[PDB]
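J.: Begin with these chain(s), straight out of the complex:
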Amino acid sequence: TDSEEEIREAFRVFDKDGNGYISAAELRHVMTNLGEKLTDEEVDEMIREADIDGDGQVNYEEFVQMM
């Protein structure tokens, strides 16, 4: 269990742009950079697996709670 300020820093890594949400394009970039080339299909699947509210993106709460 990392502290809450610790989880936000790592979260900004995913959240490339302004807004505090993780987009599918943001994730597709993160995965590619970390060595995994994934299809749009599989990309939407990682989002879907974390998207508790179903709004198509991963907000702060759903990132921290993913654990």
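T.: Nice, thanks for sending it over. Residues are numbered from 1 along each chain as shown, chains lettered A, B, ... in the order given.
J.: how about the most centrally placed residue in chain A, phi and psi?
T.: Residue closest to the average C-alpha location in chain A (Cα atoms, centre = their mean): residue A:22, at 4.5 Å. For residue A:22, the backbone dihedrals are phi -110, psi 120 (criterion: degrees, to the nearest 10).
J.: same deal with residue A:3?
T.: Torsion angles, degrees, to the nearest 10, at residue A:3: phi -60, psi 170.
J.: What are the boundaries of the helices in chain A?
T.: For chain A, applying DSSP state H gives helices covering A:4-14, A:24-33, A:40-50, A:60-64.
J.: Look at residue A:63 and say how many residues are nearby.
T.: 19 (other Cβ atoms under 10 Å). From N, CA and C alone the C-beta is placed, and that goes for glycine too.
J.: leaving aside the residues next to it on the chain, what's closest to it?
T.: residue A:11 (5.3 Å; Cβ to Cβ, 6 or more residues apart in numbering).
J.: State the distance from the one you found to residue A:41.
T.: Between residue A:11 and residue A:41 the computed distance is 24 Å (Cβ to Cβ, to the nearest Å).
J.: Likewise for residue A:12?
T.: 27 Å.
J.: repeat for residue A:21
T.: 21 Å.
J.: Looking at the two, which has the bigger crowd around it?
T.: The neighbour comparison of residue A:21 against residue A:41 (other Cβ under 10 Å) goes to residue A:21, with 17 against 7.
J.: okay but the more buried one is in contact with residue A:53, surely?
T.: No - between residue A:21 and residue A:53 there is no contact under Cβ atoms under 8 Å: 11.0 Å.
J.: and for the two, which residues touch both?
T.: residue A:59 (Cβ atoms under 8 Å, 6 or more residues apart in numbering).
J.: neighbours of residue A:48, just the number please.
T.: Residues within reach of residue A:48, counting by other Cβ under 10 Å, total 12.
J.: What residues does the nearest residue to residue A:43 once chain neighbours are set aside make contact with?
T.: Nearest residue to residue A:43 in three dimensions, chain neighbours excluded: residue A:28, at 4.5 Å (Cβ to Cβ, 6+ apart). Residues in contact with residue A:28, defined by Cβ under 8 Å, 6+ apart, are A:38, A:40, A:43.
J.: add chain B to the structure above:
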Amino acid sequence: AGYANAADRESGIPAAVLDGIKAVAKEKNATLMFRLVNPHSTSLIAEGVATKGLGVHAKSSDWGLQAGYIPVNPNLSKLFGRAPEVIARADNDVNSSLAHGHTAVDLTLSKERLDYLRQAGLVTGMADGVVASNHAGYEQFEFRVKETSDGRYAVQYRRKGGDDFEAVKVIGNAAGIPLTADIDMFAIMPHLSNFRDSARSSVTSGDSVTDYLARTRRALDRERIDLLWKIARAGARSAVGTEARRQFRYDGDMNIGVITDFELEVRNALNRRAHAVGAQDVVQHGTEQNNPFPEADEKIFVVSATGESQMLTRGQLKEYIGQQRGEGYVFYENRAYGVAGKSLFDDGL
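T.: Placing chain B onto the earlier chains gives this:
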């Protein structure tokens, strides 16, 4: 390539050294940012003067022959007619570093510094020896110097007519090498691709996900989507050095402050290129992003992961980081910028 612009020249970083900074910035694909180096240290760092670590806390000197060094008599330092409450506090700093590895050496400038010194306006009016300067300090102490079959000039002095000179003392290396300022890094923005292996080592035992699964679990992929998010978290976590920032690192017997694995690497890649052009280490600790006493300075020198150099005001710093983050460069701020409304984030926080 050598000073390529104005930024490079105002940074106060020796050319040869700055040449490595740029080379490493590209070798590691990381944007490196530094705080300005006071210009009276640049020449020292370049000819082989040692740089100071966090264990040393004796304010430097900005006047007299002693400029660029860390004088043992605090009245010689940037604190010349201050208060006995202060001149005492400085005695302490001197003390601290003198019991811990730091030596008290005899100030002896090099022929060339003597140039820079006289060329800069810090000193005059010498038969060669009895120098002069209009810096308040000269109305309390008398300065002078003498050569040697060493080329160097030894600095002497006395408190104003109650003679007998001595050999000016500055704080130096345990190896005897006098200390001058160190290049304080402001922050390090690593490209996220620099953490692929870290993530794997922690989650797939160094294996690409596709290779990991094919090796440990025979033939909607629920477990695979889980494994992906796993190195995805591990990568960011290493990228910002979560784990590593909880403790202190140490170079031998010197506390290098709070620093991530990647930043340490850079420090080494950098101190390296410094040794290669004839210098000693110039980065002695972690970055300002993990400094509990964050300092505010309007200008910061920046070196893209591409080699481009520029000066940045805090405001241009914000837009800079923002653009860089869109290119996948990771950046995290000092933890106190938030409370004091000095965050570089336009997000939730």
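J.: once more on the neighbour count of residue A:63, with chain B this time?
T.: The tally of other residues near residue A:63 (other Cβ atoms under 10 Å in any protein chain shown) stands at 20.
J.: Next: residue B:240.
T.: Residue neighbour count, defined by other Cβ under 10 Å, stands at 25 for residue B:240.
J.: now swap in the one 5 residues further on and tell me
T.: Residue B:245 has 21 neighbours, counted by other Cβ under 10 Å.
J.: I'd like the distance between the residue lying closest to it once chain neighbours are set aside and residue A:33.
T.: In this structure, residue B:245 finds its nearest non-sequential neighbour in residue B:258, 5.3 Å apart by Cβ to Cβ, 6 or more residues apart in numbering or on different chains. Separation of residue B:258 from residue A:33 (Cβ to Cβ): 25 Å.
J.: cool, and residue B:41?
T.: Distance, residue B:41 to residue A:33, using Cβ to Cβ: 38 Å.
J.: Between those two, which has more neighbouring residues?
T.: Neighbours per residue, other Cβ under 10 Å: of residue B:41 and residue A:33, the larger number sits with residue B:41, 25 against 20.
J.: Mind giving me the packing neighbours of the helix or strand hosting that one?
T.: Taking DSSP states H and E as the definition, one finds residue B:41 inside helix B:39-47. For helix B:39-47, the elements it packs on are helix B:15-27, helix B:111-120, strand B:179-180, judged by 3 or more Cβ pairs under 8 Å, 6 or more residues apart in numbering or on different chains; DSSP states H and E.
J.: Report the strands that pair with the last one, each with its relative direction.
T.: What that stands for is strand B:179-180. When sheet partners are counted by DSSP bridges, strand B:179-180 sits next to strand B:50-51 (parallel).
J.: residues making contact with the partner strand?
T.: Strand B:50-51 has contacts (Cβ atoms under 8 Å, 6 or more residues apart in numbering or on different chains) with B:45, B:172-173, B:175, B:177-183, B:280-284.
J.: swap in stretch B:204-211?
T.: A:35, A:36, B:197, B:200, B:212, B:215, B:224, B:227, B:228, B:231.
J.: who's in contact with residue 46?
T.: With no chain named, the answer covers chain A. Residue A:46 sits next to A:27, A:31, A:38, B:225, B:228, B:229, B:232 when contact means Cβ under 8 Å, 6+ apart.
J.: wait, chain B
T.: Going by Cβ under 8 Å, 6+ apart, residue B:46 touches B:14, B:15, B:16, B:17, B:278, B:279.
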